[PDB]
Amino acid sequence: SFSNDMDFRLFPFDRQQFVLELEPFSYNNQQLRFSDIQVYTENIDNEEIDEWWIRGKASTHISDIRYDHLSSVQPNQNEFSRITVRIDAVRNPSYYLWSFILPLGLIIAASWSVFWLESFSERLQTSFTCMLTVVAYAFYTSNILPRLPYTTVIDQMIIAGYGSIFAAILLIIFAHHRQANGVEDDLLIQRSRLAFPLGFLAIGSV
Amino acid sequence: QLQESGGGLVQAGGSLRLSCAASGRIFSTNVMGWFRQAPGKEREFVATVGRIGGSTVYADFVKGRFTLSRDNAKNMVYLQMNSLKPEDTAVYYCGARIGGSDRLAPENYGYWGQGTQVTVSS
Amino acid sequence: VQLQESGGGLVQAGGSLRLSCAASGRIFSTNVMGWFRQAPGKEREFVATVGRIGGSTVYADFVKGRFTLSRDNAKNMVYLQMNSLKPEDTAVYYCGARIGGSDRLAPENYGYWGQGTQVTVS
Amino acid sequence: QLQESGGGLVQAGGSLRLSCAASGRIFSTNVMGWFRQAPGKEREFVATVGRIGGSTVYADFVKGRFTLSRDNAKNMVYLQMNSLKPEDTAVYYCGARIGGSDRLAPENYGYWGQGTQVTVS
Amino acid sequence: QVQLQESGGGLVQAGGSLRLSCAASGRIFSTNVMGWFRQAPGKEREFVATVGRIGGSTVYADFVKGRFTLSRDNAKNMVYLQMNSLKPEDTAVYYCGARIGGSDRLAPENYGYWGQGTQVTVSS
Amino acid sequence: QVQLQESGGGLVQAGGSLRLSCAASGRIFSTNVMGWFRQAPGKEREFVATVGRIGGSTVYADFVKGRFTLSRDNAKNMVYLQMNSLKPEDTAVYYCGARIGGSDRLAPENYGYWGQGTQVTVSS
Amino acid sequence: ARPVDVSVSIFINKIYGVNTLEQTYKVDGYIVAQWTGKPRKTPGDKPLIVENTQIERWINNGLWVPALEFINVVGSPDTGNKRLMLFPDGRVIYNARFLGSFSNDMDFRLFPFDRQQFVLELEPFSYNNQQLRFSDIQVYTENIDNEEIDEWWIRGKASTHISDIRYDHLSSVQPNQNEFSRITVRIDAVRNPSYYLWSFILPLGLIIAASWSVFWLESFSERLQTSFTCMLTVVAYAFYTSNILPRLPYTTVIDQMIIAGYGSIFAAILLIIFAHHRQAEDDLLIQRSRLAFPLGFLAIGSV
Amino acid sequence: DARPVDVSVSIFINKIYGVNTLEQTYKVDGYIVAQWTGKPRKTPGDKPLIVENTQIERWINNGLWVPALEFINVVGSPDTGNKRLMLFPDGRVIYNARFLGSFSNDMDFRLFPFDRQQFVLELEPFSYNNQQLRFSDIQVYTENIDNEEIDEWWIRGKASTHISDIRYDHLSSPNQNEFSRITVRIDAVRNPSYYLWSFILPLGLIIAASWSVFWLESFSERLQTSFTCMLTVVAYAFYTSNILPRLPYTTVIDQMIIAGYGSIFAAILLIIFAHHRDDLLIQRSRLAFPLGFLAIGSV
Amino acid sequence: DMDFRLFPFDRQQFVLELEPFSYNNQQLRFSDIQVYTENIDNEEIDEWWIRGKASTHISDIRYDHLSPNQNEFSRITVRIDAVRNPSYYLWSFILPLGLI
Amino acid sequence: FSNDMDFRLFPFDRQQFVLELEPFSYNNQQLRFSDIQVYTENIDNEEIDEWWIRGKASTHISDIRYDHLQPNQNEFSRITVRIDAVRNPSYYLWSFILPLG
Ligand SMILES: CCCCCCCCCCCCO[C@@H]1O[C@H](CO)[C@@H](O[C@H]2O[C@H](CO)[C@@H](O)[C@H](O)[C@H]2O)[C@H](O)[C@H]1O
């Protein structure tokens, strides 16, 4: 098991650099140095079924690591030779595009149909079914997606669906009580069946 | 924005002390690394801080001649160059690591300064 | 995907040939191509193909170091340099493309076979 | 349904070849095994196939004297019994393993046959 | 649920023998949970013997030193304590208890349904 | 809601002894959280002693050198620091603290409900 | 005979793999121990390097290499390469790679805003402070570039103590033999709460607030049934969070937001029914808690 | 001829954790100390001698007697860290070792989350009967607890100990079939606060909330909200199943979940029966149905 | 072999099979086998309910791929019969399902 | 053991489980495989098993030539075993596909 700096914020479209670092444990570069490093990798037939898609040939470096905290202090005796190999890869996002992002777009889009219902009571109670549909999808997401200390693209779509549905609940209530007279029937704003999806798409573009 | 300095012409075996001034949104100086590029040749790695405290990464051609130091307060890093040779003649750039995991890869550095010319003659 | 073999002909025992297989269509690389042969009455048997790890190549037991597989990914071709031929090698040498599975030595995991090139040793 | 045959009377030291015909839903003869039961005693294991290919399980009293074989073509098994002794006198039954996790356990066999008597003087 | 009755104790000279019996009756499907205890005036009720976790084993107090034996009769739901080479220090009333729960065969806390007990006296 | 009160401090000559007491009151479930600190004029309040994680152990600053000993009376919610072989370097105010949380009983930052303190002066 | 002064350095490469329920974590790094032993002969009278399996051969012949135990490690640590540098003057530098599971006292009650102290405790396994004492401790950690992609945010430099541990059950006729020298290393860290703010706390806030919309419905039947769809949505969110969040034997902050949502919805159910079956006659005025019900909730939430 | 070797033991328990309810196991990290007296020996400077880890083997090979002590109730080989011998010139030998092991014990979680457990450690020589080696005494030392509100388990009382003899029927191969055993026991109770506020309290509000179907005024409303309630218990039973431990029997919470099902189901029957036998009179069971639930609950 | 098709009412047979690794039954034979199991206090808290004392067998395994009378090995077989404790699955799974 | 497995047709997928054996240090001038035989388990009923073994075990003996390595010393003898299997789609048809339809 090897460790590395990995950033998954662009998941499922992230790119990683898998590295191996090699260094003598006890002999400095005045006693033992690396003269050259050759790397060989698997011959891929078809990467379609592969979780990761390798890009480019393996990269290599030879370098000197100088340590400031070595007890003895003899001239030029605190440097070690280091080999670094890097493998670049891109995640195969096919599974996450067709099974995660697409259904979530259909769920969020379908939530915009509440503005086509005829009664205020219908628009409000249905939104809660939409709200419950995103929560249901959030659980389906979490149980499969990798754990992270930050939100990914999919996590932000889930958040965007919550906001949209919540913003619609507000707009539904507002239009039905806006006029503060009892006959609050702002059909003009209720005719934001086009303006609400466009307002959503606008905020998301930023 | 990064700005180098300290360049100049020098005779073989002489010294220089390149300086890199950082200004803007850099958490610390641990991110800055020195590179150089000679006419025709590609830009190559020179030095930067190591992962674990107290360690510094130098290119194989340094051979203990150059030293990387920093002043986190002034947001600057210095490359004390000694025993310079004609092969060290090039434009020395100062870059900032972005991400990935390869301190030695220029592909993972950005915000390059204009550079500073170093010339060693015989 | 379409494959076309070439380079066959007649030769005496101990001679040499250089077979070529040109790939035309949708192929990810030449790693997926492998040489096979089928003599009259005998099954179609594996000859050679690339190995899983770089620098390695899989050869049938009867090759005995005589044949050598090479490739020009640019021209999208693979070559089979056959040396020290023997009468037993007479057969029709086809060129297949691994259609999946994890048995490079299995003809059942190959397809898009070509018209074949005849090779005869006296 | 299973049917045995090949029993009879034999002199101490002689041989016999028991046969078990199998009929019905039986994909392979591996599930079949031989048992024997003397009057007053309990039905004891004799022979069945081993888990891994090439192996066969025999009771400790067999001592290499018996040999179980199979004719998957006719869907049958045979118990070739040699060097028979008076201790081997019993009714030999043929059973079919119907699950469980013990090849040597009669409790895991059903579809028993009528049995065929083996008698040694 | 269950009830326990001891018997078989009495007066014996130092070095003699006694066989105590405990009969159980009620909601008890095994005699493994039954255990012998003793309690003389002046001291606290201390463990004597009970069955071990693995078959074939038996747990005895350190003062038994192999002199007492716990036998069983699962058919008759009875346990027996054969006490030999008796010492004057073994004098006490011996109780029979059934294990309620916990997971310490040696702790009387985990025992309930105690019986009346049988007095065991050993003189010189 | 906890209150701590120290006592036992006073003037003493080099090589003398003192016994400090600390009484805890309020929402406190045990004296294990209590720990002794000391602060000199123009010096940072430094750790002295507190109970150890495993029973029978006690943590002492490097300058104790076996001279001090921490004991307790849980029933009365009190801890005691016996100070022997005192030197002029031990002159300071000795504070009693209760461990709020964290996982470093040597760090003053993980202690609260500090007391007023008792002065310790070792003359020489 | 004075005690052997041992100078220790600890390099920490990584702290990860927190187990909340067991209150443990993983640490990868090196431990360097220097000390002066008996003078000895070495090849060319130069510092001699001995690695791994050859170390044992030297101990058999007389070399003294004391075992330093991690007090708070869980099971045997995974020791990789290890090394001795032996000097003719007697100096010994022991260096070894280690990966171990370490335990500590962790309070996650303020999750996802909890702070933690990752500690390493080092102590000789067999030699007291009359025989072996720690003279100094240096700790070196990773140079961080951008802490945004990291689960934990380190705060301040590593803290170190050198203290003595006295054991009461070693008291012997020979006194002063029951005290051991201990090194303590502390790393302070705060959790990175971004993911939990945007993906857990924010949505839950929207679900709870949206349930206050029932008081804007105009039919008693609509008001009451919708509340059951709201209770159902909190239970649905309850196990969405239970799948990602850590297992604990106590409630946290998110756990209490959830219980509050249960209470709000259940309280509104009582109010919607009270305002319909206890009048002289629907009470459509008490239903004007559209503002009084959220306000009352935030008020109680202020404690 | 010779009497048994008397061995004094001390056990330091650092942490009992990692309970596995279904396997009835738990993890224990601590130290074991074993002291006995051997044949007097010479030591450098006549001070106690220390032998650590791999060096111990050389001493056993050179004739030093170090009996193997086994944790009877440990599941698999324990993870032993550093280990040490201290040899005194007068003959005393003190064996010390760090251990981490998984231990088994009869554990009854039927009263969860209000269950009480007895974590035990059973020590017994592996080869030497109590005519060759007996345990003279046992001392146990446990952790000093600051505040138990954060701790999953609340320890109660001091650790109990036992020294007894185990007699094996299968070792009749004169009178050497008995073995000395040490037994340590840690009594503890579970911290239920988490399960009351996050599991039992919400489930109560849900079961109670289901009872409001008797306040809806149309029959089509009572029966349809009942499915919403049924669906809420299902969603909740799954929330619990994902957190609470796996057991071969029901717990208090499970019976509550089951009671939620029965209450909702019975209500669904009363709603239909009352309709076809529009009787709103029995629909006034708003107080009858909850009381009957609580009455049955006690039983 | 374990069949869970009658879950939660399934019945299993826990087996141990022991055999010399290298010595055939002309060189090493098992003369007898005895098994000792746990004395159960009460099984209501246990996941599996043991039924009957351990069953044993000593047989000879004949291998056809070792080619005179040197291809038979002695094998011990132990079997512990047990039935699943179904209480939990009856009350918390099957019953609520019937109601739904 | 690892191999190239394609589960796109799941739950109706077929797989080739492979074993590849080769000397670690000795080329085919020093050590060469002469034959390979494979014996598998005797199956009673396959309805209970997750996978169904279709056909006998296939075997190969080939030579692997390594470029990265005297002449004729860069070639190792390799055994390959292949067990063809097919998944049991029963469980997935009744509990997953049918309810989804
Ligand atoms: C008409 C109605 C339409 C409703 C539309 C609602 C759209 C809502 C979109 C939700 C987007 C969430 O996007 C959120 O962005 C913020 C701010 O960059 C990120 O915030 C995080 O990263 C940034 C860096 O970018 C850090 O500086 C910050 O401290 C941290 O919180 C969150 O990680 C991400 O989750």
Side-chain angles (χ1 to χ4, degrees), chain A residues 43, chain C residues 1-3 5-11 13-24 27 29-41 43-51 54-74 76-85 87-98 104-107 109-114 116-122, chain J residues 27-34 60-78 80:
Chain A
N43 290 313
Chain C
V1 183
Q2 301 79 41
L3 304 181
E5 309 84 339
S6 62
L10 180 144
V11 73
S16 298
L17 294 150
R18 187 174 179 91
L19 286 59
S20 298
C21 176
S24 58
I27 213 75
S29 61
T30 60
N31 298 341
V32 76
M33 299 162 65
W35 286 101
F36 294 72
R37 73 182 191 180
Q38 183 189 10
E43 288 180 324
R44 186 182 277 169
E45 54 183 4
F46 170 90
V47 180
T49 192
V50 77
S56 65
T57 311
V58 185
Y59 293 108
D61 52 12
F62 57 77
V63 179
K64 305 294 190 58
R66 299 178 296 156
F67 310 162
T68 309
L69 175 64
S70 56
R71 59 198 60 256
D72 188 337
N73 282 278
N76 216 323
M77 295 197 69
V78 301
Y79 305 79
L80 186 65
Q81 184 64 50
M82 307 178 72
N83 296 332
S84 303
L85 275 293
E88 309 86 23
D89 293 325
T90 293
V92 176
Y93 286 65
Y94 295 88
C95 179
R98 203 172 304 108
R104 307 167 115 79
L105 305 134
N109 290 317
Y110 286 71
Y112 300 96
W113 300 97
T117 179
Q118 183 76 48
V119 189
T120 62
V121 190
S122 57
Chain J
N27 59 34
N28 60 17
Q29 300 299 311
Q30 311 172 98
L31 197 170
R32 55 173 300 276
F33 291 133
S34 59
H60 305 292
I61 294 176
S62 57
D63 284 320
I64 313 302
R65 198 185 304 169
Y66 296 105
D67 299 332
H68 60 91
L69 297 175
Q70 311 287 357
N72 313 126
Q73 305 291 308
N74 57 325
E75 213 173 67
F76 285 73
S77 184
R78 174 171 300 187
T80 305

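In what follows, every chain begins at residue 1, and chains take the letters A, B, ... in the order their sequences are listed. The figures that follow rest on heavy atoms only: side chains count, while hydrogens, waters and symmetry mates do not.
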Requested in this report: Examine distances only and state if a side-chain atom of C:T90 and a backbone atom of C:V121 form a donor-acceptor pair shorter than 3.5 Å.
Outcome: yes
Requested in this report: For residues C:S56 and J:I64, report the shortest heavy-atom separation together with the two atoms involved.
Outcome: CB-CG2, 4.1 Å
Requested in this report: Walk me through it: do C:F67 and C:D89 pass the test side chain to side chain contact (heavy atoms under 4.5 Å, CB included)?
Outcome: CA-CA 11 Å; C:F67 310 162; C:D89 293 325; 4.0 Å; yes
Query - Any C:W35 side-chain heavy atom under 4.5 Å of C:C95 side chain - result: yes
Query raised in the report: C:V47 and C:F62: side chain to side chain contact (heavy atoms under 4.5 Å, CB included), yes or no, with the steps?
Result: CA-CA 8 Å; C:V47 180; C:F62 57 77; 4.1 Å; yes
Query raised in the report: Taking atom CE of C:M33 and atom OH of C:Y112, what is their separation to the nearest 0.5 Å?
Result: 13.5 Å
**Report entry** Spacing of C:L10 atom CG and C:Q118 atom CD [to the nearest 0.5 Å]
**Finding:** 10.0 Å
Query - By side chain to side chain donor-acceptor pair (under 3.5 Å) - contacts of C:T49 (at least two apart) - result: C:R98
Report task. Compare every heavy atom of J:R65 with every heavy atom of C:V63, then report the nearest pair and how far apart it is. Result -> CG1-NH2, 4.1 Å
Requested in this report: Answer yes or no: is there a side-chain heavy-atom contact under 4.5 Å between C:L19 and C:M82?
Outcome: yes
Query raised in the report: Rounded to the nearest 0.5 Å, how far apart are OH of C:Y94 and CZ of C:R37?
Result: 13.5 Å
**Report entry** Minimum side-chain heavy-atom gap C:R18-C:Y79 below 4.5 Å
**Finding:** yes
Report task. List in chain and number order the residues that pass side chain to side chain donor-acceptor pair (under 3.5 Å) with J:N28, two or more places apart in sequence or in another chain; answer none if no residue qualifies. Result -> J:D63, J:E75
Report summary line: CD1 of C:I27 to CG of C:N73, rounded to nearest 0.5 Å, is 11.0 Å
Report summary line: Note: C:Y93 and C:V119 closest approach over all heavy atoms is CD1-CG2, 3.7 Å
Query raised in the report: Taking the six-membered ring of C:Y110 as reference, does the NZ or CZ atom of C:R44 fall below 6.0 Å from its centre and within a 45° cone about the axis?
Result: no
Report task. Determine whether J:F76 and J:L69 make a side-chain contact, defined as any pair of heavy atoms from C-beta on separated by less than 4.5 Å. Result -> yes
Requested in this report: Measure across C:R66 and C:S84 and return the closest heavy-atom pair with its distance rounded to 0.1 Å.
Outcome: NH1-O, 3.1 Å
Report summary line: Minimal heavy-atom distance between C:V50 and C:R104, with the atoms involved, is O-NE, 2.9 Å
Report summary line: Output for pair (A:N43 CG, C:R71 CZ), nearest 0.5 Å, gives 7.0 Å
Report summary line: Nearest heavy-atom contact between C:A48 and C:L80 is CB-CD1, 4.4 Å
Query raised in the report: Do C:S70 and C:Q81 come close enough that some side-chain heavy atom pair is under 4.5 Å?
Result: no
Query raised in the report: Nearest 0.5 Å, what's the CD-CG distance between J:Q29 and J:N72?
Result: 6.0 Å
Report task. Apply the test side chain to side chain contact (heavy atoms under 4.5 Å, CB included) to residues J:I61 and J:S77: give CA-CA distance (whole Å), side-chain angles for both, the deciding distance (0.1 Å), then the verdict. Result -> CA-CA 7 Å; J:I61 294 176; J:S77 184; 4.2 Å; yes
Query raised in the report: Considering only heavy atoms from C-beta outward, does the side chain of J:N27 approach that of J:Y66 to under 4.5 Å?
Result: no
